[PDB]
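A.B. asks: Here you go, work29.pdb (PDB, C-alpha atoms):
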```pdb
ATOM      1  CA  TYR J   1      21.725 -44.878  23.748
ATOM      2  CA  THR J   2      22.806 -44.065  20.198
ATOM      3  CA  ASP J   3      19.958 -45.777  18.282
ATOM      4  CA  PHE J   4      18.721 -42.485  16.875
ATOM      5  CA  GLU J   5      17.157 -44.298  13.905
ATOM      6  CA  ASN J   6      14.366 -45.443  16.254
ATOM      7  CA  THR J   7      13.981 -42.021  17.919
ATOM      8  CA  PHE J   8      11.265 -39.563  16.944
ATOM      9  CA  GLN J   9       9.625 -36.544  18.531
ATOM     10  CA  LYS J  10       6.187 -35.043  17.922
ATOM     11  CA  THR J  11       5.661 -31.668  19.607
ATOM     12  CA  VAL J  12       2.635 -29.376  19.458
ATOM     13  CA  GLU J  13       4.329 -26.013  19.030
ATOM     14  CA  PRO J  14       2.796 -23.074  20.915
ATOM     15  CA  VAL J  15       0.248 -21.082  18.952
ATOM     16  CA  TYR J  16       1.854 -18.101  17.221
ATOM     17  CA  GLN J  17       0.152 -14.800  16.390
ATOM     18  CA  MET J  18       1.340 -12.421  13.668
ATOM     19  CA  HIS J  19      -0.259  -9.082  12.793
ATOM     20  CA  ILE J  20       0.189  -8.231   9.108
ATOM     21  CA  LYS J  21       0.797  -4.475   9.177
ATOM     22  CA  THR J  22       2.458  -3.863   5.792
ATOM     23  CA  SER J  23       2.985  -5.437   2.383
ATOM     24  CA  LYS J  24       6.535  -6.310   3.449
ATOM     25  CA  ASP J  25       5.058  -8.847   5.872
ATOM     26  CA  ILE J  26       2.895 -10.299   3.098
ATOM     27  CA  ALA J  27       5.906 -10.570   0.787
ATOM     28  CA  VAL J  28       7.931 -12.286   3.516
ATOM     29  CA  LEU J  29       5.104 -14.752   4.156
ATOM     30  CA  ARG J  30       4.621 -15.494   0.458
ATOM     31  CA  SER J  31       8.363 -16.088   0.089
ATOM     32  CA  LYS J  32       7.949 -19.061   2.462
ATOM     33  CA  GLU J  33       7.170 -22.306   0.655
ATOM     34  CA  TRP J  34       5.648 -23.821   3.794
ATOM     35  CA  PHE J  35       3.189 -20.918   4.064
ATOM     36  CA  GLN J  36       0.360 -22.036   1.766
ATOM     37  CA  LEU J  37      -3.106 -20.548   1.342
ATOM     38  CA  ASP J  38      -6.265 -22.143   0.001
ATOM     39  CA  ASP J  39      -7.113 -18.763  -1.568
ATOM     40  CA  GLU J  40      -3.847 -17.447  -3.001
ATOM     41  CA  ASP J  41      -5.467 -14.022  -3.520
ATOM     42  CA  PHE J  42      -6.551 -13.802   0.133
ATOM     43  CA  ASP J  43      -6.052 -10.262   1.431
ATOM     44  CA  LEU J  44      -3.667 -10.653   4.372
ATOM     45  CA  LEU J  45      -3.232  -6.914   4.957
ATOM     46  CA  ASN J  46      -4.477  -5.561   8.302
ATOM     47  CA  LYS J  47      -5.204  -9.123   9.440
ATOM     48  CA  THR J  48      -4.121 -11.246  12.394
ATOM     49  CA  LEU J  49      -2.874 -14.733  11.522
ATOM     50  CA  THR J  50      -2.717 -17.541  14.076
ATOM     51  CA  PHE J  51      -0.490 -20.562  13.425
ATOM     52  CA  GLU J  52      -1.109 -23.870  15.229
ATOM     53  CA  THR J  53       1.804 -26.041  14.106
ATOM     54  CA  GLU J  54       2.929 -29.528  15.092
ATOM     55  CA  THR J  55       6.555 -30.517  14.495
ATOM     56  CA  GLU J  56       7.546 -34.140  13.888
ATOM     57  CA  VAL J  57      11.316 -34.657  13.864
ATOM     58  CA  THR J  58      13.208 -37.892  13.292
ATOM     59  CA  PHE J  59      16.761 -37.725  14.611
ATOM     60  CA  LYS J  60      19.967 -38.595  12.784
ATOM     61  CA  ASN J  61      22.147 -37.981  15.844
ATOM     62  CA  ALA J  62      22.010 -36.024  19.093
ATOM     63  CA  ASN J  63      22.142 -32.597  17.398
ATOM     64  CA  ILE J  64      20.955 -32.924  13.790
ATOM     65  CA  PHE J  65      17.456 -34.031  12.820
ATOM     66  CA  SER J  66      17.274 -36.678  10.110
ATOM     67  CA  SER J  67      13.952 -35.240   8.946
ATOM     68  CA  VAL J  68      11.891 -32.264  10.117
ATOM     69  CA  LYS J  69       8.212 -31.777   9.307
ATOM     70  CA  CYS J  70       6.021 -28.915  10.539
ATOM     71  CA  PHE J  71       2.323 -29.031   9.679
TER      72      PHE J  71
ATOM     73  CA  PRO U   1      12.997  40.376 -20.176
ATOM     74  CA  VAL U   2      13.312  36.703 -21.034
ATOM     75  CA  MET U   3      11.868  33.586 -19.425
ATOM     76  CA  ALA U   4      14.039  30.607 -20.324
ATOM     77  CA  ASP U   5      12.362  27.283 -19.529
ATOM     78  CA  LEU U   6      15.067  24.670 -18.928
ATOM     79  CA  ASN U   7      12.592  22.250 -17.374
ATOM     80  CA  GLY U   8      13.190  19.250 -19.641
ATOM     81  CA  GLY U   9       9.496  18.759 -20.299
ATOM     82  CA  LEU U  10       8.789  18.080 -16.624
ATOM     83  CA  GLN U  11       5.670  20.264 -16.766
ATOM     84  CA  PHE U  12       3.899  18.038 -19.292
ATOM     85  CA  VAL U  13       3.504  15.152 -16.829
ATOM     86  CA  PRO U  14       0.077  15.102 -15.106
ATOM     87  CA  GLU U  15       0.224  15.228 -11.308
ATOM     88  CA  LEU U  16       4.007  15.303 -11.089
ATOM     89  CA  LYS U  17       3.917  15.235  -7.281
ATOM     90  CA  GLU U  18       1.794  12.077  -7.205
ATOM     91  CA  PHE U  19       3.837  10.404  -9.956
ATOM     92  CA  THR U  20       7.077  11.188  -8.116
ATOM     93  CA  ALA U  21       5.620   9.898  -4.850
ATOM     94  CA  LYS U  22       4.519   6.663  -6.503
ATOM     95  CA  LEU U  23       7.972   6.217  -8.067
ATOM     96  CA  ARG U  24       9.668   6.635  -4.695
ATOM     97  CA  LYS U  25       7.120   4.351  -3.032
ATOM     98  CA  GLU U  26       7.602   1.663  -5.689
ATOM     99  CA  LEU U  27      11.391   1.755  -5.405
ATOM    100  CA  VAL U  28      11.284   1.830  -1.596
ATOM    101  CA  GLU U  29       8.802  -1.039  -1.362
ATOM    102  CA  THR U  30      10.856  -3.119  -3.788
ATOM    103  CA  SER U  31      14.040  -2.461  -1.813
ATOM    104  CA  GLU U  32      12.480  -3.280   1.567
ATOM    105  CA  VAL U  33      10.683  -6.386   0.280
ATOM    106  CA  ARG U  34      13.856  -7.705  -1.348
ATOM    107  CA  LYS U  35      15.943  -6.967   1.752
ATOM    108  CA  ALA U  36      13.443  -8.620   4.102
ATOM    109  CA  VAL U  37      13.071 -11.692   1.885
ATOM    110  CA  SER U  38      16.852 -12.024   1.610
ATOM    111  CA  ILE U  39      17.276 -11.725   5.383
ATOM    112  CA  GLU U  40      14.556 -14.290   6.073
ATOM    113  CA  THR U  41      15.938 -16.696   3.474
ATOM    114  CA  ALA U  42      19.367 -16.319   5.081
ATOM    115  CA  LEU U  43      17.963 -16.982   8.556
ATOM    116  CA  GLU U  44      16.018 -20.023   7.325
ATOM    117  CA  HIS U  45      19.137 -21.371   5.613
ATOM    118  CA  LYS U  46      21.240 -20.869   8.744
ATOM    119  CA  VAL U  47      18.600 -22.527  10.922
ATOM    120  CA  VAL U  48      18.333 -25.502   8.561
TER     121      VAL U  48
ATOM    122  CA  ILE F   1     -24.161  34.551 -20.985
ATOM    123  CA  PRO F   2     -23.241  34.867 -24.695
ATOM    124  CA  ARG F   3     -21.370  32.054 -26.398
ATOM    125  CA  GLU F   4     -17.589  32.425 -26.676
ATOM    126  CA  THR F   5     -17.344  35.129 -24.014
ATOM    127  CA  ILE F   6     -15.711  35.770 -20.647
ATOM    128  CA  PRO F   7     -18.095  37.194 -18.005
ATOM    129  CA  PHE F   8     -16.819  40.072 -15.899
ATOM    130  CA  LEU F   9     -17.036  37.795 -12.854
ATOM    131  CA  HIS F  10     -16.128  34.170 -13.465
ATOM    132  CA  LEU F  11     -14.455  31.195 -11.830
ATOM    133  CA  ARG F  12     -11.407  29.649 -13.467
ATOM    134  CA  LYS F  13     -10.374  26.006 -13.642
ATOM    135  CA  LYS F  14      -6.814  24.717 -13.494
ATOM    136  CA  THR F  15      -5.982  22.885 -16.708
ATOM    137  CA  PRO F  16      -3.809  19.741 -16.683
ATOM    138  CA  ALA F  17      -0.945  21.919 -17.936
ATOM    139  CA  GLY F  18      -1.170  23.824 -14.637
ATOM    140  CA  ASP F  19      -2.593  27.161 -15.834
ATOM    141  CA  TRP F  20      -5.963  28.583 -14.809
ATOM    142  CA  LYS F  21      -8.537  29.224 -17.537
ATOM    143  CA  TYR F  22     -12.088  30.519 -17.589
ATOM    144  CA  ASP F  23     -14.523  27.678 -16.888
ATOM    145  CA  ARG F  24     -18.124  27.830 -18.052
ATOM    146  CA  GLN F  25     -19.415  25.381 -15.426
ATOM    147  CA  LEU F  26     -17.789  26.988 -12.384
ATOM    148  CA  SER F  27     -18.523  30.488 -13.668
ATOM    149  CA  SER F  28     -22.176  29.570 -14.202
ATOM    150  CA  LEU F  29     -22.387  28.174 -10.678
ATOM    151  CA  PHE F  30     -20.886  31.360  -9.226
ATOM    152  CA  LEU F  31     -23.128  33.678 -11.271
ATOM    153  CA  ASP F  32     -26.196  31.636 -10.321
ATOM    154  CA  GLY F  33     -25.196  31.991  -6.679
ATOM    155  CA  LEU F  34     -24.808  35.728  -7.238
ATOM    156  CA  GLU F  35     -28.301  35.976  -8.729
ATOM    157  CA  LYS F  36     -29.752  34.042  -5.804
ATOM    158  CA  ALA F  37     -27.950  36.387  -3.407
ATOM    159  CA  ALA F  38     -29.136  39.474  -5.290
ATOM    160  CA  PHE F  39     -32.797  38.418  -5.398
ATOM    161  CA  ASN F  40     -33.445  36.214  -2.344
ATOM    162  CA  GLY F  41     -30.482  37.287  -0.243
ATOM    163  CA  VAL F  42     -27.805  34.946   1.095
ATOM    164  CA  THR F  43     -27.643  33.779   4.708
ATOM    165  CA  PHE F  44     -24.466  33.241   6.719
ATOM    166  CA  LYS F  45     -26.021  31.572   9.752
ATOM    167  CA  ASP F  46     -23.687  29.340  11.752
ATOM    168  CA  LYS F  47     -20.782  30.793   9.753
ATOM    169  CA  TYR F  48     -17.786  31.797  11.856
ATOM    170  CA  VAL F  49     -15.609  34.265   9.971
TER     171      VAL F  49
END
```
Here is a file; write its structure as structure tokens.
C.D. replies:
Amino acid sequence: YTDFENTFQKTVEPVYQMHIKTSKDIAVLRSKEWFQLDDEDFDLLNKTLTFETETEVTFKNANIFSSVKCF
Amino acid sequence: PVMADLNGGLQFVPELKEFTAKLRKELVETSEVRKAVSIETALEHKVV
Amino acid sequence: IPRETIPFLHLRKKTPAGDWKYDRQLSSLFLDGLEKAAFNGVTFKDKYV
């Protein structure tokens, strides 16, 4: 089958844990557009963040996704 | 006997040790943050 | 202590320039401690020297 236009995949990614030890970690996180905070001045230092993401990918072909969303 | 001071006015700064430490810390933090952000942007670009 | 004087025993304070100068407050504290020691006596209980 090559009808990738009708293929899609929704996957609940495993929960990820990240300990924010330094301001370098905060800078790296804030450099990510996808990483958004309700309180932009939230103090992430010395805090453990847990990410529960779901990825929805629509395929263009076998290898390359036509669109990738992670929310 | 003579005491020549060739210090360049370094004595007039208050808490020279703390000022120097904060200068080094600022430069180091800027360098590490920029390097980490560049590496992560590169990895994201390669993954995409 | 008279005004504009240096007591024989005083405590100095380091100025921002880095040099130690006679300090009225610290000197007064030290002299007051000396008077208390001279009159009441000073204890050194639980002091390991």
A.B. asks: Residues of chain F within 9 Å of chain U, counting all atoms listed in the file - could you list those as a PyMOL selection string?
C.D. replies: chain F and resi 16-18
A.B. asks: Only C-alpha atoms, please: the residues just picked out, written as an mmCIF file, in the coordinates of the input.
C.D. replies:
```cif
data_model
loop_
_atom_site.group_PDB
_atom_site.id
_atom_site.type_symbol
_atom_site.label_atom_id
_atom_site.label_comp_id
_atom_site.auth_asym_id
_atom_site.auth_seq_id
_atom_site.Cartn_x
_atom_site.Cartn_y
_atom_site.Cartn_z
ATOM 1 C CA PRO F 16 -3.809 19.741 -16.683
ATOM 2 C CA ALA F 17 -0.945 21.919 -17.936
ATOM 3 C CA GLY F 18 -1.170 23.824 -14.637
#
```
A.B. asks: Counting only C-alpha atoms, which of U:46, U:35, U:24, U:17 gets nearest to chain J?
C.D. replies: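 Among U:46, U:35, U:24, U:17, it is U:35 that comes nearest to chain J.
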A.B. asks: Within 8 Å of chain U, which residues of chain J come that close, and what is the closest atom pair and distance in Å for each? Count all atoms listed in the file and give it as a Markdown table.
C.D. replies:
```
| residue | atom | partner | partner_atom | distance |
| --- | --- | --- | --- | --- |
| J:24 | CA | U:33 | CA | 5.2 |
| J:27 | CA | U:33 | CA | 6.4 |
| J:28 | CA | U:37 | CA | 5.4 |
| J:31 | CA | U:37 | CA | 6.7 |
```
A.B. asks: Using CA of residue 31 (chain F) and CA of residue 43 (chain F) as the two end points, give the distance in Å to one decimal.
C.D. replies: 16.6 Å
A.B. asks: Evaluated on this file, the PyMOL selection byres ((chain F and resi 26) around 8) picks out some residues - which ones are they, written as a PyMOL selection string?
C.D. replies: chain F and resi 10-13+23-25+27-30
A.B. asks: Expressed in Å to a single decimal, how great is the separation between CA of residue 13 (chain J) and CA of residue 50 (chain J)?
C.D. replies: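 About the pair CA of residue 13 (chain J) and CA of residue 50 (chain J): they are 12.1 Å apart.
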A.B. asks: Evaluated on this file, the PyMOL selection byres ((chain J and resi 34-48) around 12) picks out some residues - which ones are they, written as a short mmCIF file (atom, residue, chain, number, x, y, z; two decimals) with C-alpha atoms, in the coordinates of the input?
C.D. replies:
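Below is the file that was written, expr29.cif:
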```
data_model
loop_
_atom_site.label_atom_id
_atom_site.label_comp_id
_atom_site.auth_asym_id
_atom_site.auth_seq_id
_atom_site.Cartn_x
_atom_site.Cartn_y
_atom_site.Cartn_z
CA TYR J 16 1.85 -18.10 17.22
CA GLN J 17 0.15 -14.80 16.39
CA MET J 18 1.34 -12.42 13.67
CA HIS J 19 -0.26 -9.08 12.79
CA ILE J 20 0.19 -8.23 9.11
CA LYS J 21 0.80 -4.47 9.18
CA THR J 22 2.46 -3.86 5.79
CA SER J 23 2.98 -5.44 2.38
CA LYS J 24 6.54 -6.31 3.45
CA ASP J 25 5.06 -8.85 5.87
CA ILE J 26 2.90 -10.30 3.10
CA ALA J 27 5.91 -10.57 0.79
CA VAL J 28 7.93 -12.29 3.52
CA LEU J 29 5.10 -14.75 4.16
CA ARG J 30 4.62 -15.49 0.46
CA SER J 31 8.36 -16.09 0.09
CA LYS J 32 7.95 -19.06 2.46
CA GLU J 33 7.17 -22.31 0.66
CA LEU J 49 -2.87 -14.73 11.52
CA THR J 50 -2.72 -17.54 14.08
CA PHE J 51 -0.49 -20.56 13.42
CA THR J 53 1.80 -26.04 14.11
CA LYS J 69 8.21 -31.78 9.31
CA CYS J 70 6.02 -28.92 10.54
CA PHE J 71 2.32 -29.03 9.68
CA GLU U 44 16.02 -20.02 7.32
#
```
A.B. asks: Any chance you could export region 2-35 of chain F with N, CA and C atoms, as a PDB file, in the first residue's frame?
C.D. replies:
```pdb
ATOM      1  N   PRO F   2      36.335  61.894  74.204  1.00  0.00           N
ATOM      2  CA  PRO F   2      36.181  63.233  73.623  1.00  0.00           C
ATOM      3  C   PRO F   2      35.973  63.184  72.119  1.00  0.00           C
ATOM      4  N   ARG F   3      35.297  64.212  71.612  1.00  0.00           N
ATOM      5  CA  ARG F   3      35.037  64.319  70.184  1.00  0.00           C
ATOM      6  C   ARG F   3      36.338  64.548  69.426  1.00  0.00           C
ATOM      7  N   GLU F   4      36.446  63.931  68.251  1.00  0.00           N
ATOM      8  CA  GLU F   4      37.602  64.114  67.375  1.00  0.00           C
ATOM      9  C   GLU F   4      38.882  63.635  68.064  1.00  0.00           C
ATOM     10  N   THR F   5      38.839  62.387  68.522  1.00  0.00           N
ATOM     11  CA  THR F   5      39.941  61.782  69.257  1.00  0.00           C
ATOM     12  C   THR F   5      40.066  60.320  68.853  1.00  0.00           C
ATOM     13  N   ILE F   6      41.220  59.742  69.165  1.00  0.00           N
ATOM     14  CA  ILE F   6      41.474  58.320  68.957  1.00  0.00           C
ATOM     15  C   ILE F   6      41.746  57.706  70.329  1.00  0.00           C
ATOM     16  N   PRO F   7      40.880  56.855  70.874  1.00  0.00           N
ATOM     17  CA  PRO F   7      41.210  56.219  72.151  1.00  0.00           C
ATOM     18  C   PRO F   7      42.457  55.356  72.041  1.00  0.00           C
ATOM     19  N   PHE F   8      43.094  55.128  73.192  1.00  0.00           N
ATOM     20  CA  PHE F   8      44.301  54.311  73.224  1.00  0.00           C
ATOM     21  C   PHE F   8      44.019  52.900  72.731  1.00  0.00           C
ATOM     22  N   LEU F   9      42.894  52.328  73.145  1.00  0.00           N
ATOM     23  CA  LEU F   9      42.386  51.079  72.604  1.00  0.00           C
ATOM     24  C   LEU F   9      41.171  51.390  71.751  1.00  0.00           C
ATOM     25  N   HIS F  10      41.186  50.942  70.505  1.00  0.00           N
ATOM     26  CA  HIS F  10      40.027  51.127  69.643  1.00  0.00           C
ATOM     27  C   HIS F  10      39.924  49.925  68.720  1.00  0.00           C
ATOM     28  N   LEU F  11      38.822  49.860  67.981  1.00  0.00           N
ATOM     29  CA  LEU F  11      38.672  48.938  66.868  1.00  0.00           C
ATOM     30  C   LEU F  11      38.609  49.764  65.597  1.00  0.00           C
ATOM     31  N   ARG F  12      39.265  49.282  64.551  1.00  0.00           N
ATOM     32  CA  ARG F  12      39.249  49.945  63.261  1.00  0.00           C
ATOM     33  C   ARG F  12      38.216  49.301  62.351  1.00  0.00           C
ATOM     34  N   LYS F  13      37.852  50.030  61.304  1.00  0.00           N
ATOM     35  CA  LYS F  13      36.954  49.545  60.270  1.00  0.00           C
ATOM     36  C   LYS F  13      37.629  49.708  58.919  1.00  0.00           C
ATOM     37  N   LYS F  14      37.488  48.701  58.067  1.00  0.00           N
ATOM     38  CA  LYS F  14      38.064  48.757  56.734  1.00  0.00           C
ATOM     39  C   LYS F  14      37.188  49.642  55.857  1.00  0.00           C
ATOM     40  N   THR F  15      37.782  50.697  55.306  1.00  0.00           N
ATOM     41  CA  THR F  15      37.062  51.588  54.417  1.00  0.00           C
ATOM     42  C   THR F  15      36.895  50.934  53.048  1.00  0.00           C
ATOM     43  N   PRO F  16      35.992  51.459  52.211  1.00  0.00           N
ATOM     44  CA  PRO F  16      35.854  50.893  50.859  1.00  0.00           C
ATOM     45  C   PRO F  16      37.138  50.947  50.056  1.00  0.00           C
ATOM     46  N   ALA F  17      38.011  51.918  50.331  1.00  0.00           N
ATOM     47  CA  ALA F  17      39.301  51.988  49.660  1.00  0.00           C
ATOM     48  C   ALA F  17      40.234  50.853  50.057  1.00  0.00           C
ATOM     49  N   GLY F  18      39.940  50.138  51.140  1.00  0.00           N
ATOM     50  CA  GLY F  18      40.727  48.998  51.557  1.00  0.00           C
ATOM     51  C   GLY F  18      41.674  49.238  52.710  1.00  0.00           C
ATOM     52  N   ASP F  19      41.654  50.422  53.314  1.00  0.00           N
ATOM     53  CA  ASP F  19      42.526  50.765  54.426  1.00  0.00           C
ATOM     54  C   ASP F  19      41.712  50.879  55.709  1.00  0.00           C
ATOM     55  N   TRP F  20      42.321  50.457  56.812  1.00  0.00           N
ATOM     56  CA  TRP F  20      41.650  50.389  58.104  1.00  0.00           C
ATOM     57  C   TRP F  20      41.779  51.717  58.835  1.00  0.00           C
ATOM     58  N   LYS F  21      40.649  52.227  59.319  1.00  0.00           N
ATOM     59  CA  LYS F  21      40.585  53.502  60.014  1.00  0.00           C
ATOM     60  C   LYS F  21      39.853  53.315  61.330  1.00  0.00           C
ATOM     61  N   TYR F  22      40.179  54.180  62.284  1.00  0.00           N
ATOM     62  CA  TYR F  22      39.487  54.195  63.564  1.00  0.00           C
ATOM     63  C   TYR F  22      37.986  54.354  63.366  1.00  0.00           C
ATOM     64  N   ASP F  23      37.214  53.488  64.019  1.00  0.00           N
ATOM     65  CA  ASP F  23      35.761  53.507  63.935  1.00  0.00           C
ATOM     66  C   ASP F  23      35.167  53.771  65.307  1.00  0.00           C
ATOM     67  N   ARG F  24      34.363  54.828  65.396  1.00  0.00           N
ATOM     68  CA  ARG F  24      33.707  55.166  66.650  1.00  0.00           C
ATOM     69  C   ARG F  24      32.800  54.042  67.135  1.00  0.00           C
ATOM     70  N   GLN F  25      31.982  53.464  66.251  1.00  0.00           N
ATOM     71  CA  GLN F  25      31.003  52.473  66.699  1.00  0.00           C
ATOM     72  C   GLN F  25      31.693  51.229  67.250  1.00  0.00           C
ATOM     73  N   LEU F  26      32.610  50.651  66.472  1.00  0.00           N
ATOM     74  CA  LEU F  26      33.300  49.447  66.916  1.00  0.00           C
ATOM     75  C   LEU F  26      34.150  49.725  68.146  1.00  0.00           C
ATOM     76  N   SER F  27      34.832  50.872  68.167  1.00  0.00           N
ATOM     77  CA  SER F  27      35.642  51.223  69.324  1.00  0.00           C
ATOM     78  C   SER F  27      34.781  51.373  70.568  1.00  0.00           C
ATOM     79  N   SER F  28      33.618  52.011  70.435  1.00  0.00           N
ATOM     80  CA  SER F  28      32.707  52.144  71.563  1.00  0.00           C
ATOM     81  C   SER F  28      32.247  50.784  72.055  1.00  0.00           C
ATOM     82  N   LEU F  29      31.921  49.879  71.134  1.00  0.00           N
ATOM     83  CA  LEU F  29      31.506  48.543  71.544  1.00  0.00           C
ATOM     84  C   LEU F  29      32.615  47.839  72.320  1.00  0.00           C
ATOM     85  N   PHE F  30      33.854  47.942  71.833  1.00  0.00           N
ATOM     86  CA  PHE F  30      34.971  47.284  72.501  1.00  0.00           C
ATOM     87  C   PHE F  30      35.254  47.902  73.869  1.00  0.00           C
ATOM     88  N   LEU F  31      35.230  49.233  73.969  1.00  0.00           N
ATOM     89  CA  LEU F  31      35.454  49.876  75.263  1.00  0.00           C
ATOM     90  C   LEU F  31      34.336  49.561  76.246  1.00  0.00           C
ATOM     91  N   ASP F  32      33.091  49.499  75.770  1.00  0.00           N
ATOM     92  CA  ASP F  32      31.990  49.124  76.649  1.00  0.00           C
ATOM     93  C   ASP F  32      32.164  47.699  77.156  1.00  0.00           C
ATOM     94  N   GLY F  33      32.592  46.790  76.279  1.00  0.00           N
ATOM     95  CA  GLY F  33      32.917  45.447  76.729  1.00  0.00           C
ATOM     96  C   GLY F  33      34.030  45.439  77.756  1.00  0.00           C
ATOM     97  N   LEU F  34      35.034  46.296  77.563  1.00  0.00           N
ATOM     98  CA  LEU F  34      36.130  46.384  78.523  1.00  0.00           C
ATOM     99  C   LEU F  34      35.647  46.892  79.874  1.00  0.00           C
ATOM    100  N   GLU F  35      34.752  47.878  79.882  1.00  0.00           N
ATOM    101  CA  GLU F  35      34.213  48.361  81.151  1.00  0.00           C
ATOM    102  C   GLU F  35      33.399  47.283  81.847  1.00  0.00           C
TER     103      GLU F  35
END
```
